[PDB]
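A.B. asks: Protein chains in written order, with the entry's author numbering: chain G, 6 to 393; chain I, 2 to 395; chain H, 11 to 384; chain E, 298 to 390; chain N, 30 to 58, 96 to 117; chain P, 1 to 124.
1) With contact counted as at least three CB pairs below 8 Å, one residue from each stretch, are the stretch 89–105 of chain G and the stretch 198–218 of chain G in contact?
2) How long is the line joining the alpha carbons of residue 281 of chain G and residue 370 of chain E, rounded to whole angstroms?
3) Does the Cβ of residue 91 of chain I have 16 or more other Cβ atoms within 10 Å, making it buried, or fewer, making it exposed?
4) Which whole-angstrom value is the C-beta distance of residue 232 of chain I and residue 192 of chain I, which I expect to be below 8 Å?
5) I want to see whether chain I comes within less than 8 Å of residue 42 of chain N, judged by CB atoms only; does it?
6) If contact is defined by three or more beta carbon pairs under 8 Å, each pair taking one atom from either stretch, is the stretch 9–21 of chain G in contact with the stretch 148–157 of chain G?
7) Taking beta-carbon pairs under 9 Å, can you tell me which members of the stretch 34–63 of chain P lie near chain H?
8) For residue 212 of chain H, collect the residues of the same chain with a Cβ closer than 6 Å to its Cβ; drop the 5 residues on either side in sequence, then sort them by chain order.
9) Between residue 103 of chain G and the ligand SAH, is there a pair consisting of the residue's CB and a ligand heavy atom that are separated by less than 7 Å?
10) Residue 117 of chain G CB to nearest chain H CB: under 8 Å?
11) Residue 93 of chain I versus chain H: which residues are under 7 Å apart at the beta carbon?
12) Once the 5 residues before and after residue 344 of chain I are set aside, which same chain residues still bring their CB inside 7 Å of it?
13) Between the alpha carbons of residue 12 of chain H and residue 123 of chain H, how many angstroms are there, rounded?
14) Who are the near neighbours of residue 80 of chain H in its chain, counting only those whose CB is closer than 6 Å to its CB and skipping five residues on each side?
15) Below 8 Å on the Cβ atoms is my contact criterion, and I expect residue 181 of chain H with residue 170 of chain H to pass it. Report the Cβ-Cβ distance as a whole number of Å.
16) Go through the stretch 272–302 of chain I residue by residue and report every complete run of the beta strand (DSSP E) that reaches 3 residues or more, in order.
17) Per the DSSP calculation, residue 135 of chain H is bridged to which residue(s)?
18) Does residue 91 of chain I come out as helix, strand or coil in the three-state DSSP assignment?
19) My assumption, with CB atoms under 8 Å, is that residue 366 of chain I sits in contact with residue 270 of chain I. Please give the rounded CB distance.
20) Is the beta carbon of residue 236 of chain H less than 8 Å from the beta carbon of residue 64 of chain H?
21) Return helix, strand or coil for residue 265 of chain I, following the three-state DSSP convention.
22) Would a C-beta distance cut-off of 8 Å place residue 6 of chain I and residue 354 of chain I closer than the cut-off?
23) How would you list, in chain order, the residues of chain H whose beta-carbon sits under 8 Å from the beta-carbon of residue 9 of chain P?
24) Taking contact to mean 3 or more Cβ pairs, one atom from each stretch, closer than 8 Å, check whether the stretch 89–97 of chain P and the stretch 32–40 of chain P are in contact.
25) If you draw a straight line from the C-alpha of residue 372 of chain G to the C-alpha of residue 110 of chain G, how long is it?
26) Within a Cβ cutoff of 6 Å, which residues of the same chain sit near residue 116 of chain P, ignoring the five residues on either side of it in sequence?
27) What is the DSSP secondary structure of residue 114 of chain H, counted as helix, strand or coil?
28) Using only the alpha-carbon positions, how far apart do residue 377 of chain G and residue 162 of chain G sit?
29) Measure how close the beta-carbons of residue 190 of chain H and residue 59 of chain H come, nearest whole angstrom, since I'm counting them as under 8 Å.
30) What separation, rounded to the nearest whole angstrom, lies between the Cα atoms of residue 320 of chain I and residue 141 of chain G?
31) Where DSSP assigns a beta bridge to residue 164 of chain I, which residues make up the other side?
32) Pick out the complete beta strand (DSSP E) segments inside the stretch 299–356 of chain E, 3 residues or longer, and give them in chain order.
33) Could you list which residues in chain H have their beta carbon closer than 7 Å to that of residue 47 of chain N, in chain order?
34) Measure from the C-beta of residue 93 of chain P to each C-beta in chain H and report whether the shortest distance is under 8 Å.
35) Between residue 348 of chain H and chain I, is there a C-beta pair that is closer than 8 Å?
36) Just tell me which of G:101, G:136, G:114 and G:184 has its CA closest to the CA of residue 335 of chain H.
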């Protein structure tokens with residue numbers, strides 16, 4: 006007793022036990038509701054940035070965003086073809102904001118798709134090809150895009166995005182309480198337009214959808230989007246009011262992305278985990294000057310700690326072998342996943358953690374596109390004994 | 002209560018709490034001290050032009066968990082120039098009906114073979130007993146042909162089908178709800194199996210390929226040759242006898258895990274067509290087949306699908322693509338053309354009045370003989386299960 | 011019995027300490043050795059791992075550069091394929107106790123069985139985003155023509171702990187005079203290329219030009235996965251004591267003496283708790299997809315069978331475990347929900363009743379089991 | 298740059314909860330009430346003279362910059378102005 | 030009505046091992099226990115007869 | 001001169017007295033078809049013989065040589081043409097054995113499990 010460091014450790018142990026108890030009361034007594042909040046069809050030649058107001062009901066868990074599009078190739082003779090990211094570049098940016106102006110997610114289009122893949126164990130909303138004579142397979146075309154739009158043809162695209170607030174369906178960490186009176190929540194959505202979704206032969210196809218010799222005449226016709234809100238209702242009521250997990254709702258499950266530049270061949274390139282977050286995953290995309298290679302331009306990927314010690318330091322084919330253990334496939338050409346969900350990276354446990362890439366080949370205008378996925382809470386920072 | 006009619010804390014108050022603490026204690030004793038056995042119980046080869054309905058007597062051993070039904074069929078074409086092709090449900094239409102009566106002469110599962118196949122798909126998380134295609138150089142894949150059927154039977158060729166059915170009694174290998182005790186000298190327990198005729202398994206061009214297996218121009222001359230079948234009983238042996246007989250989970254062996262199916266009619270375009278969930282059942286999954294007059298479309302004739310409630314009107318209301326996206330999370334693919342699945346396993350529908358929860362289809366183009374073929378999966382309980390009697394030979 | 015309460019109170023204290031180690035320590039994976047060699051000189055190598063923390067497995071990456079020097083004929087890949095690149099793996103405890111002494115193809119199949127899918131393979135999907143075979147984690151060409159050179163790669167997971175969340179079978183390698191050891195034998199030029207009409211069991215390629223196929227190199231890399239930064243208390247380390255006392259082993263064998271329409275019983279050892287069984291019916295250099303076996307079973311001591319199934323129904327039970335079929339001739343039996351202890355319920359055996367038996371036909375039996383001193 | 302490479306600037310307490318999170322044009326609007334003009338390109342002022350920032354634990358108040366465009370060799374120069382008490386009085390005579 | 034040796038109905042529990050029971054011992058093992103052997107036979111016959 | 005080595009193989013063996021009994025195994029070998037594999041892992045697991053420590057190889061009527069190989073060790077004890085003999089072997093808990101010869105023959109072979117010192121009946 007009597008020391009504020011261990012007096013705070015005792016009430017953090019009691020608050021964590023009462024939070025896990027109140028969580029499973031909620032997940033037993035509530036009901037999952039999913040309802041549509043907005044639908045709009047537009048033209049990207051006029052406007053391509055939209056803001057959606059979700060409903061302030063219940064405990065919000067996340068958003069399902071269907072994006073449908075039509076693309077005409079108006080070239081005379083030349084065709085185009087899909088990129089490696091493809092229809093995941095239909096959305097360029099997803100931003101969500103709390104009713105307290107707390108930013109939750111600021112992914113790109115491709116980074117939100119890869120976190121949806123890595124949290125399923127398979128490519129997101131795909132259908133496996135089986136040997137069954139019963140006609141399963143690709144019936145409804147949930148995520149669909151033509152591989153080639155010829156000169157004069159038209160291609161229908163479909164894409165789905167799960168924008169997560171809560172962590173999972175059994176972990177309500179990051180969910181937004183919305184059954185109290187408060188400000189409105191904000192879900193900003195920037196879409197692909199006629200400048201960012203078609204790339205010429207030789208341009209950087211990172212955020213493009215199609216690339217080819219007829220991309221100068223390609224254009225959009227329509228883009229429709231539908232947003233569905235997934236939330237919990239009929240919340241349980243106790244003797245003191247609502248029974249709520251009080252430090253799960255005040256924790257943020259976030260999905261930033263970033264970038265860095267300045268890579269030198271055969272020199273270790275460190276991207277530090279900057280803030281005091283609890284990092285859960287990490288996606289590195291090696292944009293080697295518009296070129297994307299399957300590990301032949303990287304010597305090793307690694308993760309360092311404070312005393313310069315690698316806690317994993319693998320070949321690019323061995324880094325991809327740990328990816329196949331989780332999602333049962335490979336991420337696209339140039340994308341490197343790092344799972345840390347069992348022991349999250351926290352730069353207050355063993356010092357400062359970094360992310361290392363040692364490149365073998367470096368082209369001009371080469372960069373490393375990062376994507377983070379982490380937890381954020383409020384750090385309590387008591388004084389231990391002496392002040393001086 | 003805001004969304005559900007009975008709000009799982011106050012629907013737990015409608016059950017005896019002292020009787021379910023003793024029920025979970027008896028289930029974990031049974032699963033600890035028993036052994037999973039699977040035995041072949043009946044085999045028969047027949048020609049369906051003579052006989053097609055078969056009563057199969059299962060063995061009176063242990064606590065029964067389910068039945069594995071292997072059906073093998075050979076099909077001759079016998080046309081001059083035309084060929085037939087496999088339908089969408091395909092080899093799953095080899096069993097037309099399956100009925101099970103327990104030792105207490107209480108009907109457990111009564112449905113068709115296509116609906117039994119889809120519940121077998123939905124509980125696995127993948128298409129039932131299928132092999133996925135991978136990139137591995139080691140020769141995995143389709144080696145043994147567990148479920149197998151030819152895609153095209155040419156003019157004067159023979160095709161060989163194989164199909165497996167799991168007829169569930171217990172819900173899972175751990176939850177022993179719906180299992181029956183059969184460790185008795187005699188019982189009124191049977192397994193009725195209707196099979197495909199030469200009339201219902203071949204459909205001509207234009208006819209409804211719902212219960213059919215093959216469909217084409219040369220379907221008038223198509224014949225079966227043999228529809229040999231095999232039944233495997235899966236049970237738990239060596240029950241933990243304590244004092245006064247078998248230690249049994251009494252509420253688990255008195256609950257039924259049923260798989261009924263139905264057919265609703267009366268659809269008109271651009272309005273809601275509600276199918277009422279029944280009273281006092283605990284619904285776990287719903288399967289709707291939109292038979293649109295012998296034609297099956299991939300979502301393009303539905304405005305939206307929904308699950309409705311009396312108060313708190315729509316709980317989910319999605320596009321046909323968004324409904325299929327919730328299904329691709331569960332079975333890692335989507336069901337065949339015209340089939341729509343609804344999962345209710347974490348929150349089962351148990352609603353204490355009749356039409357309080359309903360299933361909605363809002364169609365957008367309706368043909369003449371259009372109907373919805375519903376398939377349900379639920380828990381129910383009409384009986385109580387007091388303890389039994391012993392012999393004591395003089 | 012009063013002695014069944016302390017051995018359940020010892021499991022409760024062990025499971026309390028397992029969730030302290032898995033929650034309050036750091037998972038590390040670091041490279042311990044790499045070496046490139048020519049298999050004409052040597053093919054058996056010993057790998058000294060790092061003696062730190064709680065070791066829970068090894069990841070072995072093997073590459074090869076097979077060249078076909080024939081004049082006109084080619085060779086084709088066998089059914090086991092690149093899984094015959096490591097001929098044997100042997101692991102030794104820090105107290106010089108042998109844990110795992112299986113072969114290469116059996117280590118790959120338990121890797122397949124513990125995942126629910128073929129090990130480190132990419133499944134084919136309908137997705138328009140270019141997922142799939144990008145990095146070639148496991149890769150080998152299907153044919154190697156005359157004068158060509160095929161590049162192979164193959165990954166093995168040598169397990170010590172049972173899974174990532176279950177630390178049973180793990181090895182505490184923080185001991186002073188540690189004898190921790192990992193033997194590895196590789197395919198030389200005599201065991202990897204079989205002629206037509208030979209036994210393609212331990213081979214990799216087989217064809218009319220296998221008499222002039224040879225290796226150019228084999229490189230291996232070993233990675234050790236372990237748990238660092240263990241919780242230290244006042245009385246010392248906080249460890250799952252009867253989890254590190256238990257072994258988790260993988261063995262293989264070879265039985266002979268098969269007769270048509272006669273049951274062939276292989277007995278389970280009474281000291282082990284068997285978790286899985288893999289039987290490869292090698293019918294004299296020929297492999298068949300169930301068309302030479304009447305049934306397979308798991309018969310107990312009296313005469314009672316527990317799973318007496320047709321070879322197609324036996325394959326139906328493995329398709330709800332690994333979601334595909336093993337190669338032709340390979341049969342899998344799962345007992346993870348209830349392990350074959352065969353000390354608390356009689357003497358269980360494994361039965362194969364064959365239909366056709368050729369000359370020099372054998373039955374290879376891979377095992378996977380727990381072991382302790384209870 | 299004149300605010301075109303910063304998303305927002307802020308002052309959060311327990312690394313979580315911001316107290317003045319503003320975009321660069323509203324941040325410059327708070328200094329036009331202070332010095333009646335704009336500081337030069339790249340210079341951002343934060344006034345805390347009415348209630349000074351004073352913690353008892355290190356890092357329990359932070360200064361946040363969320364950039365938008367970052368070039369190589371980018372650094373953030375931080376000028377401070379603060380009061381500090383001495384441990385005793387100053388020995389007048 | 031309770032009996033100190035009643036293990037349940039004797040035609041159902043005579044060949045049944047007990048609860049934990051990894052390996053069963055024999056009930057007696096001049097060379098070993100003798101009056102424990104005789105009382106292990108009287109306790110078994112009292113189970114088959116119900117006091 | 002003074003070329004150091006790179007890799008050796010450390011491995012445990014059987015050299016003590018069994019707490020069962022002195023137990024040998026007659027495993028008469030038929031060659032002129034292939035090489036012959038002997039696997040005694042089944043006997044080790046099922047309660048029988050604990051580990052092969054000595055071989056008795058009986059080549060009296062054979063015209064060629066007979067080679068026995070341990071795979072965990074690589075030891076290649078090769079008995080000679082018209083001789084019988086006791087040979088101590090370095091063998092592990094894996095009792096696998098690769099028996100070979102030159103041409104033909106039937107050979108009485110005993111897997112002995114207790115230490116018998118070496119001897120060979122004719123010498124030269």
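All residues carry an ideal CB built from backbone N, CA and C; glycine is no exception.
C.D. replies: Inspection of the coordinates gives the following:
1) Using a Cβ-Cβ distance cut-off of 8 Å, the stretch 89–105 of chain G and the stretch 198–218 of chain G are in contact, since at least three pairs of beta carbons, one from each stretch, lie closer than that value.
2) Approximately 23 Å between the Cα atoms of the pair.
3) Classification of residue 91 of chain I: buried, given that the 10 Å Cβ count is 16 or more.
4) Your pair residue 232 of chain I and residue 192 of chain I checks out as a contact, with CB atoms roughly 7 Å apart and the cut at 8 Å.
5) True, the Cβ-Cβ gap to chain I drops below 8 Å.
6) Of all C-beta pairs linking the stretch 148–157 of chain G to the stretch 9–21 of chain G, fewer than three are shorter than 8 Å, placing the two stretches out of contact.
7) Per Cβ criterion, the list reads 34, 37, 39, 41, 42, 44, 45, 46 and 47.
8) Cβ neighbours of residue 212 of chain H beyond the five flanking positions: 94 and 201.
9) Only the bare structure without any ligand can be found here, which leaves the ligand SAH out of the picture.
10) Using a CB distance cut-off of 8 Å, residue 117 of chain G does not count as an interface residue toward chain H.
11) Close partners of residue 93 of chain I in chain H (Cβ separation under 7 Å) are lacking, with about 15 Å as the shortest Cβ gap.
12) Once the five neighbours on either side are set aside, the close Cβ partners of residue 344 of chain I are 286 and 331.
13) C-alpha separation (whole angstroms): 38 Å.
14) Counting only Cβ-Cβ distances below 6 Å, and skipping sequence neighbours, we find 156, 219 and 222.
15) Yes, residue 181 of chain H and residue 170 of chain H are in contact; Cβ-Cβ is about 5 Å, under 8 Å.
16) Listed in chain order, they are 274–277 and 283–293.
17) Bridge partners of residue 135 of chain H according to DSSP: G:133.
18) When DSSP states are grouped into helix, strand and coil, residue 91 of chain I belongs to the helix group.
19) The beta carbons of residue 366 of chain I and residue 270 of chain I sit about 6 Å from each other, so the pair counts as a contact at 8 Å.
20) Residue 64 of chain H sits close to residue 236 of chain H, with the two beta carbons spaced by under 8 Å.
21) In the structure shown, residue 265 of chain I sits in a strand (DSSP, three-state: E or B).
22) Yes, they are a contact pair.
23) Chain order gives the chain H residues near residue 9 of chain P as 54, 56 and 193, where near means a beta carbon separation below 8 Å.
24) Touching, per the Cβ criterion.
25) Each residue's alpha carbon lies about 22 Å from the other.
26) Hits under 6 Å: 54 and 86.
27) In this structure, DSSP gives residue 114 of chain H a helical state, which the three-state scheme calls helix.
28) Looking at the two C-alpha atoms, the distance is approximately 28 Å.
29) The pair is a contact, with the Cβ atoms about 5 Å apart (cut-off 8 Å).
30) Looking at the two C-alpha atoms, the distance is approximately 20 Å.
31) Note: residue 164 of chain I sits in a beta bridge opposite I:72.
32) For the stretch 299–356 of chain E, whole beta strand (DSSP E) runs of length 3 or above, ordered along the chain, are 303–309.
33) Below the 7 Å Cβ cutoff, chain H contributes 11 as neighbours of residue 47 of chain N, in chain order.
34) Answer yes: the Cβ-Cβ gap between residue 93 of chain P and chain H drops below 8 Å somewhere.
35) Answer yes: the Cβ-Cβ gap between residue 348 of chain H and chain I drops below 8 Å somewhere.
36) Considering only alpha carbons, the answer is G:136.
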